[PDB]
Protein chains: 2
Amino acid sequence: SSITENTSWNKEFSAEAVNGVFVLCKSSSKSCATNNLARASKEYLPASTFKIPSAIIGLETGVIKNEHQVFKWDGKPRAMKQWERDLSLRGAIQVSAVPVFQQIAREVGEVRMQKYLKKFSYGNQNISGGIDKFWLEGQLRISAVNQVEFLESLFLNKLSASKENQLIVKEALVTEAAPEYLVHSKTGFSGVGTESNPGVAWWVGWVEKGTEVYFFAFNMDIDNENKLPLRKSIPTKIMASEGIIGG
Amino acid sequence: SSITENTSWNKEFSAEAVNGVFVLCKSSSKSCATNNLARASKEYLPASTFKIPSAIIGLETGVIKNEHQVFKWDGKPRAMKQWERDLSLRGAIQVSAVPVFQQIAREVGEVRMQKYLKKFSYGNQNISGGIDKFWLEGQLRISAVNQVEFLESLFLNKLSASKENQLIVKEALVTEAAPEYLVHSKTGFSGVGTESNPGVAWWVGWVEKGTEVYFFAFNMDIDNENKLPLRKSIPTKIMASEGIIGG
Ligand SMILES: *C(=O)[C@@H]([C@@H]1NC(C(=O)O)=C(S[C@@H]2CN[C@@H](C(=O)N(C)C)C2)[C@@H]1C)[C@@H](C)O
Ligand SMILES: *C(=O)[C@@H]([C@@H]1NC(C(=O)O)=C(S[C@@H]2CN[C@@H](C(=O)N(C)C)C2)[C@@H]1C)[C@@H](C)O
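Residues numbered from 1 in each chain as written, not as in the entry; some residues may be left out. Chains lettered and ligands numbered in written order. Heavy atoms only, no water.

What the entry reports as its method is X-ray crystallography, with 2.00 Å given for the resolution.

The UniProt entry for chain A carries this comment under Sequence similarities (unreviewed entry): "Belongs to the class-D beta-lactamase family." Its UniProt record gives chain A a comment under Catalytic activity (unreviewed entry), which states: "a beta-lactam + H2O = a substituted beta-amino acid". (UniProt positions renumbered as here; feature names shortened; annotations may be inferred.)

Undergrad: Give a description of the relation of the copies chain B and chain A that names residues and reports values.
TA: At an RMSD of 0.3 Å, chain B and chain A line up after a rotation of 180 degrees and a shift of 0.1 Å along the axis. The transformation just described matches what one would write down for a two-fold rotation axis. A shared interface surface links the copies, since 100% of the contact residues of chain B are contact residues in chain A too. (Least-squares fit on C-alpha atoms. Contact = heavy atoms within 4.5 Å.)

Undergrad: Outline the site of ligand 1, supporting the account with residue identities and numerical values.
TA: Residues and elements named next belong to chain A. All residues in the neighbourhood of ligand 1 are listed as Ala47, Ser48, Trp83, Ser96, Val98, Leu136, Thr187, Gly188, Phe189, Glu225, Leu228 and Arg231. With respect to ligand 1, the side chain of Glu225 contributes an N or O atom lying 3.3 Å from an oxygen atom. The separation between an oxygen atom of ligand 1 and a polar side-chain atom of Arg231 is 2.6 Å. Burial of ligand 1 by the protein chains amounts to 66% of its free accessible area of 600 Å². The element best represented in the shell around ligand 1 is strand β7 (residues 181-189), accounting for three residues. In the shell around ligand 1, the residues fall into six nonpolar, four polar and two charged. (Near = heavy atom within 4 Å. Polar contact = N/O pair within 3.5 Å; in protein donor to acceptor, adjacent residues only side chain to side chain. Areas by Shrake-Rupley, 256 points an atom, 1.4 Å probe, with all protein chains shown as cover. Helix = DSSP H or I, 4+ residues; strand = E, 2+ residues; numbered from the N terminus. Nonpolar A, V, L, I, M, F, W, Y, C, P; charged D, E, K, R; others polar.)

Undergrad: Any details on the packing of aromatic side chains? Residues and values, ideally.
TA: Two descriptors summarise a pair of aromatic rings, namely the distance from one centre to the other and the angle between the planes of the rings. Throughout the structure, instances matching the rule amount to 26 aromatic pairs over all chains. Seen from their ring centres, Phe22(B) and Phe216(B) are 6.2 Å apart, and the 45 degrees between their planes marks the pair as tilted. A residue pair is termed long-range when its members are at least 10 positions apart, and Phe22(B) in strand β2 (residues 20-26) and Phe216(B) in strand β9 (residues 212-222) qualify at 194 residues. What makes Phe22(B) buried here is its relative accessible area of 0%. Arranged with centres 5.2 Å apart and planes meeting at 75 degrees, the rings of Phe50(B) and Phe134(B) form a pair that is edge-to-face. A residue pair is termed long-range when its members are at least 10 positions apart, and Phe50(B) in the loop between β4 (43-44) and α3 (51-61) and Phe134(B) in the loop between α5 (98-119) and β5 (142-143) qualify at 84 residues. The residues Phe50(B) and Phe134(B) share a single accessibility class, namely buried. One aromatic cluster is present, built from ring pairs that chain together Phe50(A), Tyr116(A), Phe120(A), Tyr122(A), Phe134(A), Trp135(A) and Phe150(A). The residue whose ring lies beneath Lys119(A) is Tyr116(A), and the NZ or CZ to ring-centre distance is 5.3 Å. (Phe/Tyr/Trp six-rings, centres within 6.5 Å; stacked < 30°, edge-to-face > 60°. Buried < 20%, exposed > 50% of the residue type's maximum accessible area, 1.4 Å probe, protein only. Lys NZ or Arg CZ within 6 Å of the ring centre and 35° of its normal.)

Undergrad: Lay out the environment of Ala105(A) in plain terms, naming residues and giving numbers.
TA: Residues and elements named next belong to chain A. Positionally, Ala105 belongs in helix α5 (residues 98-108). Take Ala105: its relative accessible area is 0%, and that puts it in the buried class. When residues no more than four places from it in sequence are discounted, the contact partners of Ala105 are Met113, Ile131, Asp132 and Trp135.

Undergrad: An account of the site of ligand 2 is requested, with residue identities and associated values reported.
TA: All names here are of chain B. Contacts to ligand 2 come from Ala47, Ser48, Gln82, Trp83, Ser96, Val98, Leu136, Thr187, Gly188, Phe189, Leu228 and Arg231. Residue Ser48 places a side-chain N or O atom 2.2 Å away from an oxygen atom belonging to ligand 2. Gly188 places a polar main-chain atom, nitrogen or oxygen, 3.2 Å from an oxygen atom of ligand 2. Relative to its unbound accessible area of 570 Å², ligand 2 is 64% covered by the protein chains. When residues of the shell around ligand 2 are assigned to their parent elements, the largest contribution, three residues, is made by strand β7 (residues 181-189).

Undergrad: An account of the pairing of β7(A) is needed here, citing residue identities and associated values.
TA: All names here are of chain A. Within β7, eight of the nine residues are buried, which leaves the element mostly enclosed by the surrounding structure. With three bridges joining them, strand β6 (residues 174-177) and β7 adopt antiparallel strand pairing. Bridge assignment links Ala177 to a residue of β7, and that residue is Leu182. Taking the residues that link successive antiparallel strands as the turn, the β6-β7 hairpin has three residues. (Pairing = 2+ DSSP bridges.)

Undergrad: A description of the pairing of β2(B) should follow, citing residues and the corresponding values.
TA: The side chains of a regular strand alternate between the sheet's two faces. Residue and element names in this part refer to chain B. Of all seven residues that make up β2, six are buried, and the element is covered over most of its length. Relative to strand β3 (residues 32-34), β2 runs antiparallel, the two sharing three bridges. Bridge pairing links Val23 to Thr34 in β3. Remark: five residues form the turn of the hairpin made by β2 and β3, two consecutive strands paired antiparallel; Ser27 in that turn has positive phi of roughly 85 degrees.

Undergrad: Please provide a residue-by-residue account of the interface of chain B and chain A, values included.
TA: Tallying the contact residues gives 32 residues for chain B and 32 residues for chain A. Both sides of the chain B and chain A interface together cover about 2,300 Å² of buried area, and 51% of this is carbon and sulfur. Run the count over chain B and chain A and you get seven salt bridges. At the boundary of chain B and chain A, one finds 15 residue pairs in polar contact. Counting only elements with at least two residues in the side of chain B that touches chain A, the list comes to α4 (89-94), α6 (144-156), α7 (163-172), β6 (174-178) and β7 of chain B. Considering every element that reaches the side of chain B that touches chain A, the biggest residue donor is α7(B), with six residues. Split by residue class, the side of chain B that touches chain A holds 12 nonpolar, nine polar and 11 charged. (Buried area = accessible area lost by both parts, 1.4 Å probe. Salt bridge = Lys/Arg side-chain N within 4 Å of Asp/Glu carboxyl O.)

Undergrad: Provide a residue-level description of α3(B), including the pertinent values.
TA: Along an α-helix, residues three or four positions apart point the same way, because every turn accommodates 3.6 residues. Residues and elements named next belong to chain B. In terms of residue burial, α3 counts as a mostly covered element, since 10 of its 11 residues are buried. Among the residues making up α3, those that are buried are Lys51, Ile52, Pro53, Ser54, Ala55, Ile56, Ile57, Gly58, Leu59 and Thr61. For α3, the secondary structure elements touched by its buried residues are α4, α5, α6, α7, β7 and β8 (199-209).

Structure below.
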């Protein structure tokens, strides 16, 4: 990757009082821009952004049968009422259905999971702490620049998985469609943590706009869920200002 | 297929004085509804809806290299200024760029084109009238019911083409995304014909909403370009009233 620190976006962060980073790459990870070089490479819990590799792994191992898979609710009281119904793959991704991806991880298992994270060069690749908890509460960490490299590889069909599985997950990540562009994205929020050691909120993805592609990763410190809306609005304003999406 | 004629949508057509048909199927073509059974099976020129099979055929023959193929603008005047730029596959479909699709048809050739439309069971499979004009001015015709059957095969990956190429075209047809659904669609419009021999406007697609799928095909007589907006608003109004899309 090739990254250059910026000052143009700082006011989008200091107007809202946020400590975080945005990484934005035009065409490829050979042209990235960021407001904060050091934080662009610091690794944080992926939280629900780990549903992107885990759905790819779920498909590649056969645990997710194909793009038509339905994830059927068993009837076990779920932590969220939005999790209490049958979901499609896109649906389980959208509402970050925790029990759905916990079951995928247990069916995948430790060995295969370790193997696919090494092939994908995903973060510190540390999955200790429990096979169905490592991305939520365990030791896995990944940086904003590594997220971008991972998304670009998915975008190019370069991950070690069939092209068909990569295409299935990219379609499942569409979140905004317009005549000139498609936005593929995924949020994450690790929780509030403390005020002294805050959690992290994320928003990573890519925009295909005409013949161009823009990759992006955003993360921020968050100690109050009421600050959750800035995880999308800061990056959205930045991208709207570069003429990438409508915002 | 299995289709039931209905009267609860006729008000949408009569209020705008349009003569047309809407075919809407839930889950599969075994469960279709329509306002007009007879017109639902009548065959019309496909016009730009023909970009769907044409994109799949271009990919399958290798004329279109992969999903990142760019269709470069040579700088010479085109019939519409929206076609006057380099275009991605989604971009070329969205603006139904004629010259891009004429060039694709010329490289696929008559023989392969006939073979694939026999494989796809696409309408009357008559490609006479010029290898680059048949779907716009030639003898090719296809009904609303046949469009639904074809889209359902594409949805299930049952067309005789790789799953990867079918998946690429499904994602290029995405036109609306919302947390609970994606809409995949494609417009069509043959020309105004006459007051007595009207042209035809289309809107075909499918909606993935949660774990459900709804396929749709809408066509109407049109003798004036100003009536073109109805081709999306009648069907949108009908789907919104059934609770499928949020409008
Ligand atoms: C994954 O990160 C967790 C998951 N992801 C997020 C996300 O939007 O980043 C949610 S946020 C949570 C539900 N709605 C939020 C709200 O109250 N706001 C103020 C917007 C709180 C969810 C926590 C996955 C492990 O559950
Ligand atoms: C293909 O059917 C013709 C093509 N399709 C359409 C269509 O939308 O039905 C268009 S005309 C319509 C108004 N002009 C277009 C544009 O303004 N949009 C991008 C909204 C849409 C065109 C006639 C094809 C052969 O070109």
